[PDB]
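Novice: First, the structure itself, so that you have it in front of you.
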Amino acid sequence: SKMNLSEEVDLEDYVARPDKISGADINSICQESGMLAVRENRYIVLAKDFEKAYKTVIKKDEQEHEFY
Amino acid sequence: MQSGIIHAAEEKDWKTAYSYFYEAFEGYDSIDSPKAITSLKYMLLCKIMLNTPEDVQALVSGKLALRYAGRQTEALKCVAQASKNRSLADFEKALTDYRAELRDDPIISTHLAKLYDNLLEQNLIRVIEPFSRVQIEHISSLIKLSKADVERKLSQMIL
Amino acid sequence: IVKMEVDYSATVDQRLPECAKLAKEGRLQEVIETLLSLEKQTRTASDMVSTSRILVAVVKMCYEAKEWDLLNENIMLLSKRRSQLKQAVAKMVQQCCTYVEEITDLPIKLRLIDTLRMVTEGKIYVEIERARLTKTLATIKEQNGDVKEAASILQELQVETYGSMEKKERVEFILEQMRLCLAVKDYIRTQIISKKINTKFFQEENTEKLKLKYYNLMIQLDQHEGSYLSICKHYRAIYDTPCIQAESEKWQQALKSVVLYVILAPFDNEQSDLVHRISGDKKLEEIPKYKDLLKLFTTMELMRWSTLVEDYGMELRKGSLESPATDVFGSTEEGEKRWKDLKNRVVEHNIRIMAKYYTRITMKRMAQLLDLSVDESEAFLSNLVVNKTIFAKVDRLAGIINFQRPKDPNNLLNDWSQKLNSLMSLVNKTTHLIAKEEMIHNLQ
Amino acid sequence: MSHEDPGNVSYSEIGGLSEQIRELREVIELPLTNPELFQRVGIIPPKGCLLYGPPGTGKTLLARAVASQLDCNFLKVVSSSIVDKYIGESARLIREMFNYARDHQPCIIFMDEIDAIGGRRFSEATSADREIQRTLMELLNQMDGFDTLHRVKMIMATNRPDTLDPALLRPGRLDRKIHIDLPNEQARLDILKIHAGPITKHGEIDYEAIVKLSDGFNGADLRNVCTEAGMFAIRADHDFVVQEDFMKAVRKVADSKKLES
Amino acid sequence: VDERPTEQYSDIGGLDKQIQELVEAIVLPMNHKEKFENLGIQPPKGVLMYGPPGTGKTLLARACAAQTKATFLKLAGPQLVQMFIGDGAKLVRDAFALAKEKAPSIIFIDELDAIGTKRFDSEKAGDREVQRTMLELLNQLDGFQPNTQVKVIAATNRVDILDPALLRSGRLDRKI
Ligand SMILES: Nc1ncnc2c1ncn2[C@@H]1O[C@H](COP(=O)(O)OP(=O)(O)O)[C@@H](O)[C@H]1O
Ligand SMILES: Nc1ncnc2c1ncn2[C@@H]1O[C@H](COP(=O)(O)OP(=O)(O)O)[C@@H](O)[C@H]1O
């Protein structure tokens, strides 16, 4: 929201999928991912930009189903 | 919507108010009609307050804007085109043509009056540089208004 | 791409011409199907040359038996079956490109769009894009110039221009689409494409009719709305081409156009640099535009356009070639617009030169000098001051103007002291000079 | 950076497959020259290209030579050297080398050997499982390393394109691959001519007979052929090199590679 | 660094064909360097003597250096594995610098198998750091291509323990 709706982000981008990662991703990484909407091929940001932002600089940690 | 309302009243910046109003309208997408109407009205009011009516045409041509189109929405579009023309008279004409639709004191009448003062000040300042001393009825003739109102505005600016 | 497993070169050699004879007029589709089975076998064997030959034979059979519809769904099936081999389909499209250009027909437009749909599935920069460019150009020629195909060739060019261009073919394709864009009379998009392509220069040093053609299509685009400085810049950029190809008529008319435009441009420091650079040209002297430029460039003369229309206005009626002049001012609608643009241009020029000469000038004289009335003169005066070009203050009730900034007493006494020190230095220099000349003169 | 833009007339010193050299240049140079147009219209420039021909025509020689029209600094980076430890934190080393490419902005990263010995031994599937592929995926997601701003490309000079993680040939991946194999008879005779260029002796221009005996020999081997011919002349202390010396050199190298294979 | 070796070619033998081959490939490019210069062929530099210990690689290398009458520099390969970061890289850099500054030299690097692994990566070790020393040596092999001086002689027992990277026309080529 700081960058007004990620500089006019599209509707079909919601963070519900790329936030419920349980992969740390400190607020600094969150700000970096927000600024990784710098893909200026278009004037709007899509869910692909967020997916690439989460894909870069990340460590694979998963498997909560055993604990639950 | 309330956050955009507060920021719009703060008047330091209106783009964040635009973001909040759009989010509120997005929440009100064909769910609560009166709240959706208020949210889009506030969104378009702050958009024209950004002095960028060029994106107004695209915003009102959007699918949701057409879905929630109304007389008040058309009045705001006419206000936006008045801001395009930089005609304080046209803005006043649009306000009179839809008065009860935009007579709301909370962040509707107040912001329209503030914008009207902005066009008055901009028109006066834009036409005043050449003149070291100009007769005020000539100034009123250029601005296409009466004498008392132009004199009152020029005073309130200079006091 | 993938290693060949089982070749069928002997099989295709022994069977394909026999199949062509068996279906000389193409009445049999079992022959098409069995070669489809054979090329499928070679495809599963990952052979490219055999598949390409089969596809070339299939389209050649369709050419000779002139089944246009069955060609359309046949090539659709071939391109959509499993995508086959990229080499083979790129080939087949190439001979299809070679064939569609020789038969005029009515539904070749349908053939062109069919191949366009087959190639527009992707794989543009990879595996042949010049075919798609040629098909779009072919569609342009078939429709004889319109707006829909001009938009199509507008939206096609970018991928191949960025990916794999040609220093001649690609730029000619760009030149052949911008002219259609200007024919459509779209200005925003034509400006966008022109400004995104003109960044690719340093080939025009060997141009024959390419830089001039580009420029002579973008003259109209710029001058259509408001351009007058870029107009003179690229008119001198077409003026320097007859320098290396000395042809008198185009050379002289280019000189007339650039001299007229550079003066007609709104006043600025850059325009002053261009007019001073233009002036003094040895090859510019033999035209009346030389006298026009010499008069109207400097020395702050009273540019009474009512006098100028006969003193230096002969280019409108008759000159040496008068062809650029008739294009500019001899036109009816755009000509009268440019006449009005000369009219005001000299009005601001007269205002500007009056600014550096006259401090206070009466309203009647200024209006008479501007060839307008009091209200029109004050309106243009307001137009200058809102642009901050001139420092002007007017008493409208009195109708009197001033151009000198009120001198603050600080710097007023400063220039007075500087005047004092200049006098003091002059006393020192004069004293030394006269005393020493006194010494030389009394050496007797 | 170790290798820079200054280079020999390699464009002419390559000789074989000049069309292939032109095609690689056509793919690479335009985004390298003016990437701003790609941002201006909203298209992603390519990242690089693939090269086959494990022992054949010089892939490194091509990486040098093609930069002539590019005025860039080719960098010879090894896949083992860039991954170092077998951890996903091998991305630290690519960041350093990409930063080096960012400091020397006109730079092409020429990879040495990614499919370690594509002809035999251990491929990507064998030995280190997915370690090579994940490290390549790191350079893959680097594609947002300001391709509009940065004049950096990456050439992958693998030995054999057999085991290359076909997930790395999709759009947005390495994408383009140019086919390089053992030189044909025409390329072989051309590279024999350029190898004999620096050699000025009596001899003859009987290159086709040399090609007949030396068919299917890589460019490096043919460079070794010319050196062996000079070695034969000098071991015999003769200031003359005749076609017999070339015949002896070709027979020696042919027997040597036949025994080694 | 031995200033001058005095061991003679006569006291060694048995492999006379191989010793004459590397003499033609190394010593002749020293004495008759102008012959190669006028011929137009630049001599190769990288000679790799592979064979079990006691086969006289060290004596032959020193005898060749004495015949060339030029500088001889010996490298103790097995001890080039230093814990310090880039230490082997710096040692190889200044070793080549010393050889360049002192005549057309003989760089006699021992234990090439120890220096370079066959890339047989395993969980125990994978030749991570020593690859830095290896790529430095590779990048330093091309420094002396013009004027063709300072030859590289690498001694080991098994040639096969090396990856196909040091083996090249301009790099180590004369495997004897
Ligand atoms: N076509 C060619 N023309 C000239 N020299 C070549 C050619 N191909 C290879 N070489 C020589 O081979 C040497 C290294 O080639 P390299 O890049 O290792 O080829 P590859 O990678 O196919 O084994 C270079 O020094 C170069 O002189
Ligand atoms: N041809 C030879 N003539 C004389 N002495 C030899 C010969 N070959 C080996 N030696 C002896 O071997 C020793 C050198 O061993 P070393 O250099 O370790 O063998 P390698 O070079 O095979 O590893 C010398 O002390 C020398 O006495």
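Read-outs: derived from the displayed coordinates by stated rules, not from any lab. Positions of Cβ are generated from backbone atoms using ideal geometry, with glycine treated the same way; all protein chains shown enter the neighbour counts.
Novice: Look through the stretch A:1-28, keep the residues that are loosely packed, with under 13 Cβ neighbours inside 10 Å and polar (S, T, N, Q), and return whichever of them is farthest from the other protein chains (Cβ to nearest Cβ).
Specialist: A:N27
Novice: Here is a list: D:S68, D:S81. Which entry is of a type in the set (S, T, N, Q) and at the interface with another protein chain (Cβ under 10 Å from one of its Cβ atoms)?
Specialist: D:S81
Novice: Separate question: State yes or no: is E:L15 within 13 Å of chain D (Cβ to nearest Cβ), within 15 Å of ligand 2 (Cβ to nearest atom) and touching a residue at least 12 places away in the same chain (Cβ under 8 Å)?
Specialist: So E:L15 does not fit the description; no.
Novice: If we scan the stretch D:211-220, do we find a residue that is within 14 Å of ligand 1 (Cβ to nearest atom), among the aliphatic types (A, V, I, L, M) and touching a residue at least 12 places away in the same chain (Cβ under 8 Å)?
Specialist: Yes, some residue in the stretch D:211-220 is within 14 Å of ligand 1 (Cβ to nearest atom), among the aliphatic types (A, V, I, L, M) and touching a residue at least 12 places away in the same chain (Cβ under 8 Å).
Novice: Residues D:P6, D:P54, D:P46, D:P106: which one is touching a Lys or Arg at 6+ places or on another chain (Cβ under 9 Å) and more than 12 Å from every other protein chain (Cβ to nearest Cβ)? Break it down stepwise before answering.
Specialist: Numbers: D:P6 fails: touching a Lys or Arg at 6+ places or on another chain (Cβ under 9 Å); D:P54 fails: more than 12 Å from every other protein chain (Cβ to nearest Cβ); D:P46 fails: more than 12 Å from every other protein chain (Cβ to nearest Cβ).
Testing whether each residue is touching a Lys or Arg at 6+ places or on another chain (Cβ under 9 Å) and more than 12 Å from every other protein chain (Cβ to nearest Cβ) leaves just D:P106.
Novice: Identify, from the list D:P161, D:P183, the residue that is closer than 30 Å to D:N99 by Cα, crowded, with 20+ Cβ neighbours inside 10 Å and within 16 Å of ligand 1 (Cβ to nearest atom).
Specialist: Working: D:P183 fails: closer than 30 Å to D:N99 by Cα.
One residue alone meets the criteria, D:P161.
Novice: Exactly one of these conditions fails for D:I109: (1) without any contact (Cβ under 8 Å) to a residue 12 or more places away in the chain; (2) under 23 Å from E:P164 (Cβ atoms). Give me its number.
Specialist: (1)
Novice: Scan the stretch C:174-212 for residues that are of a type in the set (F, W, Y) and buried (at least 18 other Cβ atoms within 10 Å of the Cβ) and report the count.
Specialist: 0
Novice: Mind checking which residues of the stretch D:113-133 are surrounded by 15 or more Cβ atoms within 10 Å (Cβ to Cβ), within 11 Å of another protein chain (Cβ to nearest Cβ) and not hydrophobic (A, V, I, L, M, F, W, C)? Walk me through how you get there before you give the answer.
Specialist: In the first step, residues of the stretch D:113-133 are kept if they are surrounded by 15 or more Cβ atoms within 10 Å (Cβ to Cβ); the result is D:113-118, D:122-124, D:127-128, D:131-133.
Subsequent filtering for residues that are within 11 Å of another protein chain (Cβ to nearest Cβ) retains D:113, D:116-117, D:122, D:127-128, D:131-132.
Result: D:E113, D:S127, D:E131.
Novice: Taking the options E:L39, E:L28, E:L22, name whichever one is under 23 Å from E:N157 (Cβ atoms) and out of contact with any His (no Cβ under 9 Å at 6 or more places or on another chain).
Specialist: E:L22
Novice: Another question, then. Please tell me if C:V347 is closer than 23 Å to C:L284 by Cα and either part of a helix (DSSP H, G or I) or of a type outside the set (S, T, N, Q) (or both).
Specialist: So C:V347 fails the test.
Novice: Let me ask something else. How many residues does the stretch D:53-67 hold that are touching a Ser or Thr at 6+ places or on another chain (Cβ under 7 Å) and either closer than 25 Å to E:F120 by Cα or more than 14 Å from ligand 1 (Cβ to nearest atom) (or both)?
Specialist: Selection size over the stretch D:53-67: 0.
Novice: Working only within the stretch D:191-217, note down all residues that are farther than 25 Å from E:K35 by Cα and either within 14 Å of chain E (Cβ to nearest Cβ) or in contact with a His (Cβ under 7 Å, 6 or more places away or on another chain) (or both).
Specialist: The one that is farther than 25 Å from E:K35 by Cα and either within 14 Å of chain E (Cβ to nearest Cβ) or in contact with a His (Cβ under 7 Å, 6 or more places away or on another chain) (or both): D:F217.
Novice: All but one of (1) more than 16 Å from ligand 2 (Cβ to nearest atom); (2) of a type in the set (D, E, K, R); (3) surrounded by 15 or more Cβ atoms within 10 Å (Cβ to Cβ); (4) closer than 23 Å to E:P29 by Cα hold for E:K74, so report the exception by its number.
Specialist: E:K74 satisfies every listed condition except (1).
Novice: I'm trying to understand the selection: among the residues of the stretch B:33-51, which are over 22 Å from B:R103 (Cβ atoms) and either away from every other protein chain (no Cβ under 12 Å) or in a helix (DSSP H, G or I) (or both)?
Specialist: From the stretch B:33-51, those over 22 Å from B:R103 (Cβ atoms) are B:50-51; that's our starting set.
Answer for the stretch B:33-51, where residues must be over 22 Å from B:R103 (Cβ atoms) and either away from every other protein chain (no Cβ under 12 Å) or in a helix (DSSP H, G or I) (or both): just B:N51.
Novice: For the stretch B:59-73, give me each residue that is among the aliphatic types (A, V, I, L, M) and surrounded by fewer than 18 Cβ atoms within 10 Å (Cβ to Cβ).
Specialist: Across the stretch B:59-73, the qualifying residues are B:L64, B:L66, B:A69.
Novice: Output yes when any residue across the stretch E:86-101 is touching a residue at least 60 places away in the same chain (Cβ under 8 Å) and out of contact with any helix residue (DSSP H, G or I) (no Cβ under 7 Å at 6 or more places or on another chain), and no when none is. Give the derivation first.
Specialist: Initially, the stretch E:86-101 is screened for residues touching a residue at least 60 places away in the same chain (Cβ under 8 Å), giving E:98.
From what's left, out of contact with any helix residue (DSSP H, G or I) (no Cβ under 7 Å at 6 or more places or on another chain): E:98.
Yes, some residue in the stretch E:86-101 is touching a residue at least 60 places away in the same chain (Cβ under 8 Å) and out of contact with any helix residue (DSSP H, G or I) (no Cβ under 7 Å at 6 or more places or on another chain).
Novice: Any idea how many residues of the stretch E:20-62 are surrounded by fewer than 19 Cβ atoms within 10 Å (Cβ to Cβ) and at the interface with chain D (Cβ under 8 Å from one of its Cβ atoms)?
Specialist: 6
Novice: Quick test for you: out of D:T148, D:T163, D:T158, pick the one residue that is on the phi < 0 side of the Ramachandran plot, of a type outside the set (D, E) and facing another protein chain (nearest Cβ under 10 Å).
Specialist: From the options D:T148, D:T163, D:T158, the qualifying one is D:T148.
Novice: Let me ask something else. With the checklist (1) more than 30 Å from D:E89 (Cβ to Cβ); (2) small (G, A, S); (3) in contact (Cβ under 8 Å) with a residue 24 or more places away in the chain in hand, flag the one item D:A167 doesn't pass.
Specialist: Status for D:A167: all satisfied but (1).
Novice: Go through the stretch E:134-158 and count every residue that is more than 16 Å from ligand 1 (Cβ to nearest atom), more than 11 Å from every other protein chain (Cβ to nearest Cβ) and assigned to a helix (DSSP H, G or I).
Specialist: Qualifying residue count, the stretch E:134-158: 1.
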